[PDB]
Amino acid sequence: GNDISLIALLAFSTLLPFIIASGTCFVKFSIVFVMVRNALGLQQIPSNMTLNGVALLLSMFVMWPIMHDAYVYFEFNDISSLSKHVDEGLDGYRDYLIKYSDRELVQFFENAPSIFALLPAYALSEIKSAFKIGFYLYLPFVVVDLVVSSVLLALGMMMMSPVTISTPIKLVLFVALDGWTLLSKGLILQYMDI
Amino acid sequence: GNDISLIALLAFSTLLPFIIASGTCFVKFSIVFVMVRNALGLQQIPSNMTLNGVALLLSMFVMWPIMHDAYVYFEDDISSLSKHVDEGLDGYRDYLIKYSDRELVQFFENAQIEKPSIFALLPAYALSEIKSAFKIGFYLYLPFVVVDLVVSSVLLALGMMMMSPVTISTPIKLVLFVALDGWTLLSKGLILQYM
Amino acid sequence: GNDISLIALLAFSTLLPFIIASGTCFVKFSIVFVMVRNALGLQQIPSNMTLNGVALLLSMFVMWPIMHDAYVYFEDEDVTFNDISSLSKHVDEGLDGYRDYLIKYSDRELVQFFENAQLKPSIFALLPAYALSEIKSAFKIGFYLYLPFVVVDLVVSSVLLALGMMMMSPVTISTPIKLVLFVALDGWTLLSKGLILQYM
Amino acid sequence: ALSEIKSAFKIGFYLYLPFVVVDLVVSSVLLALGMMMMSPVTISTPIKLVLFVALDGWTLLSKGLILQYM
Amino acid sequence: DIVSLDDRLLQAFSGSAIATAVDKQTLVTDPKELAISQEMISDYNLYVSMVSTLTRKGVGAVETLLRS
Amino acid sequence: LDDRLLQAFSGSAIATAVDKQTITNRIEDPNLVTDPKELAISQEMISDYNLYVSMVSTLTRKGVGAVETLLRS
Amino acid sequence: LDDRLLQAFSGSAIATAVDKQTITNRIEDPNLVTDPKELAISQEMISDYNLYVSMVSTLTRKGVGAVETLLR
Amino acid sequence: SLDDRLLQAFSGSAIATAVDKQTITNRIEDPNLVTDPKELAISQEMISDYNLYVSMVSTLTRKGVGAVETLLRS
Amino acid sequence: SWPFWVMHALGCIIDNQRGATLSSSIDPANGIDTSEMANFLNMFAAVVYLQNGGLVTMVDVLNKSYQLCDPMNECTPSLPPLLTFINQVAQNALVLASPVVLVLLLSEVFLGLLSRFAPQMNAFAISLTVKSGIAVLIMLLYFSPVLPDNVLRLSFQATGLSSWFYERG
Amino acid sequence: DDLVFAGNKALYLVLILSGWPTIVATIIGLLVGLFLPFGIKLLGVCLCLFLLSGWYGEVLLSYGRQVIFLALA
Amino acid sequence: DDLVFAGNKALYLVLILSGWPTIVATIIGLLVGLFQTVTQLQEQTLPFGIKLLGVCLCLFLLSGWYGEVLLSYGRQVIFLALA
Amino acid sequence: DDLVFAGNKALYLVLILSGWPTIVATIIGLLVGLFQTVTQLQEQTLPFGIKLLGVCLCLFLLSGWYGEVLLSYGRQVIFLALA
Amino acid sequence: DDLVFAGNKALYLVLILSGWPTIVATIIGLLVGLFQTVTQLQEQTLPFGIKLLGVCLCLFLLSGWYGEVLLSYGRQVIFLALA
């Protein structure tokens, strides 16, 4: 135990909610669940209190093995050795950011690998992937909205708005697929490597 | 008390609003009331303070038996304490197991006879209750979708193709639901699932 | 004074906006207005800030005398206590002022069911048992106010077809007629009186 | 305090006044085509920025405000 | 009985007593009256601190019901 | 529930009234002010009273705290 | 994990209770509070208790605050 | 560079403080150093200088994370 | 606020009669999220009221209220007038807007009967394109005479405190 | 599963409850077509809406109750 | 690539699912448009009645086939995206 | 005063800028309506296709002038507010 | 300058990309509509149904070209803003 080691231990516990917001996969999970809500056309339900909760719990399984490897390790008496010792600890996490980031971004940031270059390059990599999933979630329902509109014009109902009757169809389809069971599984499989 | 017993009590009493919003039935209750409003097509009535007010009360009747039975147990070596603590949760763990999907629990248990673990139960419960609410809501839309199509046939049988019907079916939707005593049927029924 | 008698002051004023949303008649008055606006066609006329304002003022007349009575009851210095149970019953005797009001409108069969579910009358059963009846009462009271506006729309739409004037949209025409018919007859006064008279 | 607020509100009006035109004009043009479902805010937002950038923007106000007391 | 339990259990501040004190007022007196002043100095500093808050709560509760 | 909350309120409203008075009567009575054993015991009662009320205040604030975010969202 | 949480908590609580008792027994024993060398040992025990429990409280509460933050 | 400035600053400072208190403890455990005014006079200087160093580095680290809360939470 | 609430609602009528509120209000909005005329006329009416020195009148009713009414006399609103309040606001706005509505209905009827003579000529759009001009031309012709209404006719005055409020309620 | 039964019945309901008006509206159209005026046509149209308010009520409230019963238990 | 297939497949499904009802309404309309000349009696509301029973009848019969198709495409896209 | 004057011009500008595009849109509408009554055809996409070209076209040709009007009015009102 | 070119080109693309589908819907409506003036049969569903098929075929065949055009403009404006 030393004062300077403790100061660095207290400070990391202040910055936690920011690192988990940028440096961890939590960004993919939070985004994906809100896009699901928007695709269904629901506007208040389920609450962001729930989605931001479940997404947080699932992401915990993926990161726990990474923190424990730093837990089981001390995370020795000289600047060069101390740097190597401390640096060697973060390297357990470096191997994560580099697996889910694009080489071209890191290289640009390496010229202004380093951790500071990996953090922003990683964030933009996870975000763009999330939109790549969301896009696919809209396709199975937008075809439903067009089909409902198409038939009513056969009946001559120029201006019976669709939404009063198409919204339940969206629910049965999502429920019949057990969507949440498929999405929550596939998301962890991208990382857990089971 | 004991110094480290305070820290455990204080942290728990902070996280109450999140545990109730994710792990407790409040999830099911809160959604069903909003789906009823939208099935009628009402935009603002009743206010979110009204509906959330009810879901939070009806849920307390269901959960209180668990907290009371739990308090009496805590009021009544390392290996002995941990085993003593776990028996207090067994009253709660059982509740989650009853509803949480049997396979998701195993699927998450593998990511972390074996008695299930709460951390596996929480996400398996939250996702399983949501599905049940969307399912109920679907049934609540079908009686009105018949109403909406039937009205259109009348206007078309009178040729009024640009007399948009919605003004006429909105009051029918209300007569039907109050003549069905819906708010009473839903409240009696929704609770009996947990008795 | 007494510290636990202080904490209860601060808690109450923190909960007050949620109590008014369920355990008070504010629930019925505000709802009926928004449905009548909705049926008149035009939207945000009156502005939402009108409706939630008058409903808040009119409701105070009915509840404020009850609140005042509850505090004046506890102020009597002549009471004395001898046991914990003697205090609990004395406090409960104060709430009867409010309970009696809820008991009038809440339906018996809801309260009895919650009073049984509560195990394994009580106010916590009278709050949800009351909120559900005041909601329901508004959809009845409102449905009767849709009938005349429906008649007005059908009449003009049929008139249009008598003139043989197809695919004109029968909304431009009828929206202003509803307001003139309703506003020229002071409907908003007759409506407001009909509400207060049920409770005053 | 009441005096500065009154005067501040008057200044706010003249700065708002030129953008009203853009909103009402864009809204009218949409109905010309019958796009009654389109939401003007999504279109009129860039037009407001373009006007502000073409004017001297914040440099006009900051100078004018100081000159009232200098 | 242990103590004279009565209606004094059902109030936060004894406003009728504090009003009695503030009419007593139209140099120091030490230490007897210097001790009694400790009560009247504190009891009024706390009463004001509550009143400043109940109004903010009460106004804010009106504004909450109007926003919706 | 309510019949149980009424019991909790009254039981605590009386225990604090009696406990607060006990401290006062120990400080005005001379044989209890100037004896080290009786001073040692008064040091305990003062601190125990302080902690008890601080805890009730915290736990009550949290009760009317969890209601805010769930009702108002 | 819940299986590990119960273990981490349990060890913490027991280890602390044992220390609190030990100090108390050092104050009532007349051979210790009267001996200067025994007091020096006691001074260290009093301080060490304070700093440990304070660190648990802080780090725990900042762990709760990281969870609160991300949900709102 | 920037990524390594934290290792150099953290590591370089930790070794400098760890050895300073160690050279204090053993300064108060030498019969020649605890009983001589020339040795007590220096110890009064030494012990205070350590106290100020940790207080400044601790303060400025907190302001560092405080700006990051401010700019991110608001 | 009465002088402002009147001018605001006056706008919402014109936006509907001219342009769009969605027929089913499923969206529900149409126009801007507080349709732009009703936000414009609301702002305009406020700025003129301050310039006439109305701000001194707002503070005047406050001081008088404390003299006719004070908390220890349990001041209370009069119930009889409060029940009529909503009609007054609606009636004032309805009359002032009338000059612009009537021409809109007459113009729609002009085109309506034309679709007897040229039947497949589209009734709806040829009116919908046109209305957004007829509404603006006729407002400009009356923009000047609307100002006097805000200053004198609708402005509240301290004399009203005698009837809206009563003490010991 | 019940989802299929409850869904199929709705389509069956519309066919009948919407079928009757168009057949009778056709036949009545044909007979009158082969064979104050506003006042008479007003009574003629309003007349069938009153009559059918009742028979439709007995049906729909029988379906509404049943889908609620299926949903909750 | 995967995106073009899924994006192109969506538009195709719209025609398959919406095709049948437009045909059923049209095929019935031609009979009425013709029968108006055989019976030589007319009321303009005639087509709105008959066409309705054709569409509703087809939907009831096809309600099953309409489901299997959506459930296959829905699963397929989920796998492609997350994989 | 400088308020009623500034307020008048705001309504005046709306009528001016939008006038030509609404006028040309109106005339084009009537022409297709007249041409339809000349024959037995009945189509609803035809009026939209014809009007789309006219509405976009006139704005395109006018776009250069609109900036002259707005950039002068913006400076005018800013001076009154701060003069 | 860079502002006018980007603002002018925006309106140009709307006219081009929306042009093709509106014309084919128009052309199909006229030719099918004329047939309804030829035959004694009148039905609104006939032209509406046929239009959808032609419009969908148009979107399928041009789907690829619509992609390149939108990407080229998207790239160009990013360079104009940041340079």
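The deposited coordinates, according to the entry record, derive from cryo-EM at 3.6 Å resolution.

### Observations regarding the overall build of chain A
Helices and strands together make up the secondary structure of chain A, namely eight helices and zero strands. For chain A, the sequential pattern of α-helices and β-strands runs α-α-α-α-α-α-α-α. Taken against the 2.2 N^0.38 rule, which gives 16 Å for 194 residues, the C-alpha radius of gyration of chain A at 23 Å runs more than 25% over that of a compact globule. Referenced to the eigenvectors of the C-alpha coordinate spread, the extents of chain A come out at roughly 85 × 35 × 30 Å. Out of the 194 residues in chain A, the part that is buried amounts to 50%. As presented, chain A carries roughly 9200 Å² of accessible surface, and 65% of it is formed by carbon and sulfur atoms. Across chain A, the 10 positively charged side chains and the 15 negatively charged ones have centroids separated by 11 Å.

### Here's the deal with the pattern of salt bridges
All chains considered together, the criterion is met by 34 salt bridges over all chains. A salt bridge links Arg108(C) to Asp107(C), with the shortest nitrogen-to-oxygen separation between them at 3.5 Å. Under the relative-accessibility criterion, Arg108(C) is labelled exposed at 62%. Between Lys131(I) and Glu108(I) there is a salt bridge, and its shortest N-O distance comes to 3.0 Å. Within this pair, whereas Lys131(I) is found in helix 6 (residues 123–153), its partner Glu108(I) is found in helix 5 (residues 85–117), the two being separated by 23 residues in sequence.

### Thoughts on the packing of helix 7 (residues 166–179) of chain B against helix 6 (residues 123–162) of chain C
Running from N to C, helix 7 of chain B and helix 6 of chain C cross one another at 150°; their axes reach a closest spacing of 9 Å. Classified by the angle between their axes, helix 7 of chain B and helix 6 of chain C sit roughly antiparallel to one another. In the crossing of helix 7 of chain B with helix 6 of chain C, the sense of the turn from one axis to the other is left-handed. Along the contact surface, helix 7 of chain B presents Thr167(B), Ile168(B), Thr170(B), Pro171(B), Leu174(B), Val175(B) and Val178(B), while helix 6 of chain C presents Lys136(C), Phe139(C), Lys140(C), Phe143(C), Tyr146(C), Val150(C), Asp153(C) and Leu154(C). Of the residues belonging to the contact of helix 7 of chain B with helix 6 of chain C, the class tally is ten nonpolar, two polar and three charged.

### Here's the deal with the interface of chain B and chain C
Across the contact, 31 residues belong to chain B and 36 residues belong to chain C. A buried area of about 3200 Å², summed over both sides, lies between chain B and chain C, and 81% of it is on carbon and sulfur atoms. There are one salt bridge connecting chain B and chain C. Between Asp181(B) and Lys136(C) there is a salt bridge, with its nearest N and O atoms 3.6 Å apart. The interface formed by chain B and chain C holds two residue pairs in polar contact in total. Secondary-structure elements contributing two or more residues to the side of chain B that touches chain C are helix 3 (48–75), helix 7 and helix 8 (182–192) of chain B. Looking at side-chain class alone, the side of chain B that touches chain C contains 22 nonpolar, seven polar and two charged residues.

### Regarding the UniProt feature "transmembrane region" in chain A
As recorded in UniProt, the sites labelled "transmembrane region" are residues 7–27, 54–74, 133–153 and 157–177 of chain A. Counted over residues 7–27 of chain A, helix gives 86% and strand 0%. Its end C-alpha atoms are 28 Å apart.

### Let's talk about helix 7 (residues 163–177) of chain A
Note on helix geometry: an α-helix contains 3.6 residues per turn, so any two residues three or four positions apart are oriented the same way. Here helix 7 of chain A spans 22 Å end to end across 15 residues, near enough to the 21 Å set by a 1.5 Å rise per residue. Among the residues making up helix 7 of chain A, those that are buried are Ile165(A), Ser166(A), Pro168(A), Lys170(A), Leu171(A), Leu173(A), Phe174(A), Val175(A) and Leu177(A). In the core, the buried residues of helix 7 of chain A are packed alongside helix 2 (26–40), helix 6 (115–155) and helix 8 (179–192) of chain A, helix 6 (118–157) of chain B together with helix 2 (46–82) of chain K. Trailing helix 7 of chain A by a residue or two, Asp178(A) shows a phi angle of about 60°, which is positive.

Definitions and cut-offs
- Residues numbered from 1 in each chain as written, not as in the entry; some residues may be left out.
- Chains lettered and ligands numbered in written order.
- Part of a larger assembly, values for the part shown.
- Heavy atoms only, no water.
- Helix = DSSP H or I, 4+ residues; strand = E, 2+ residues; numbered from the N terminus.
- Rg over C-alpha atoms; globule rule 2.2 N^0.38 Å.
- Buried < 20%, exposed > 50% of the residue type's maximum accessible area, 1.4 Å probe, protein only.
- Areas by Shrake-Rupley, 256 points an atom, 1.4 Å probe, with all protein chains shown as cover.
- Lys, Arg positive; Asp, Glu negative; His and termini not counted.
- Charge placed at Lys NZ, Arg CZ, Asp CG, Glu CD.
- Salt bridge = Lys/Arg side-chain N within 4 Å of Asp/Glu carboxyl O.
- Axes fitted to C-alpha atoms, helices over the stretch in contact; angles between N-to-C directions.
- Parallel < 35°, antiparallel > 145°, perpendicular 65-115°, else oblique.
- Left-handed = near helix turned anticlockwise from the far one by under 90°.
- Contact = heavy atoms within 4.5 Å.
- Nonpolar A, V, L, I, M, F, W, Y, C, P; charged D, E, K, R; others polar.
- Buried area = accessible area lost by both parts, 1.4 Å probe.
- Polar contact = N/O pair within 3.5 Å; in protein donor to acceptor, adjacent residues only side chain to side chain.
- UniProt positions renumbered as here; feature names shortened; annotations may be inferred.
- Expected span 1.5 Å × (residues − 1).

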